[PDB]
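K.L.:
Okay, here's the structure, questions in a sec.
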Amino acid sequence: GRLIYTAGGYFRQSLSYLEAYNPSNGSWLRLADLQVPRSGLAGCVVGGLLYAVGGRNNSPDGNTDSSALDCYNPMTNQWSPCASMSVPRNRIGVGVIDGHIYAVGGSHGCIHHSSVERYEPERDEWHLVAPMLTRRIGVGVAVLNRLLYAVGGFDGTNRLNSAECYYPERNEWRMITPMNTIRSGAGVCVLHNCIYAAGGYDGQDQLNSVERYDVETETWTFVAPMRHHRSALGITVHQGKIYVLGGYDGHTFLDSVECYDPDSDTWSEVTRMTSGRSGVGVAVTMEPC
Ligand SMILES: CCCC[C@H]1CCCN1C(=O)[C@H]1CCC[C@@H](c2cccc(-n3ncc(C(=O)O)c3C3CC3)c2)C1
């Protein structure tokens, strides 16, 4: 598309911001607020519609895990509730295959989900698919060659380097090569034939390391690290370059936005969000009106 949308997040409380960044002119642009604050959500795009999935409203007067699926139309600049998932999912992963949205893992209270469900925008309906072999909250999700990948996260006791892959036609999950670094709450995306895992939390500190999985070779290879350690960062791809947005570096909620150029293997600070925050949902689509 054209704009990088960031929705929700957390700073002192769950947030309702919807701001769009234009990598062509460096401009930010605040849009319609989310009807319900939510952190640990995920963002995705299907047929020009932006979707905010799961999360959790950490607020003074209470904390409520969200099973919501909200939908934003850039032409109207309006949100609209859509069908709700079977189960609340905080610290969630999502991935799009054949116009369908896969909601992966997440937490509801202290229940850590292995379950997975798929949303069909044409029927406004969810349906549960096969669960993951492992419970994963704060899981990174990526789609490559119509295959879904769940990478890292937290399973209730330990934080994981493990990763697994879902083959839709079989409705089946299988382990793939684990990462070289334990990552939970990382930024996972796809670029070319590789699945990048950036930052996260490894049980002790926030990570700035970045590695990528080559499906052909089935191996993880480290790559130039980010300039800031990050956890609960937003991540997306725009014109063959990765953008990581915000996160927590261990002491401050970052407004830093970094951009990875895979041809030069370098990271550079593109801009800075209008305020520091972690746990945002990110996606990319057309400009609004
Ligand atoms: C609710 C307020 C208190 C938490 C604040 C202060 C300390 C820091 N932090 C935040 O940045 C919060 C903000 C809300 C969203 C939070 C979030 C989003 C996505 C994934 C995860 N996630 N999933 C698994 C694990 C794990 O550790 O294994 C994690 C943690 C990031 C490592 C957490 C981050």
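Residue numbering in chain A adheres to Swiss-Prot, whereby the residues present occupy positions 325-613 in order.
Recorded method is X-ray crystallography, 2.5 Å.
Heads up, the Cβ atoms here are built off N, Cα and C, so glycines get one too.
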K.L.:
Annotation S-cGMP-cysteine per Swiss-Prot: which of the candidates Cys434, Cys583 has it?
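P.N.:
Per Swiss-Prot, the residue annotated as S-cGMP-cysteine is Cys434.
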K.L.:
Which chain-mates of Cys613 (S-(2-succinyl)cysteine) that are at least 6 residues away have a CB under 8 A from its CB, listed by sequence?
P.N.:
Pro398, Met399, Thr400, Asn401
K.L.:
Considering only Cβ pairs under 8 Å, which range in 327-372, 373-423, 424-470, 471-517 makes the most contacts with the repeat 'Kelch 6' (565-611)?
P.N.:
327-372
K.L.:
Within 10 Å of the Cβ of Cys434 (S-cGMP-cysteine), how many other Cβ atoms can be counted across all chains shown?
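P.N.:
The Cβ of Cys434 (S-cGMP-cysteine) has 6 Cβ neighbours within 10 Å.
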K.L.:
Per DSSP, what is the helix/strand/coil residue tally across the repeat 'Kelch 5' (519-564)?
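P.N.:
Its residues fall into 0 helix, 23 strand, 23 coil.
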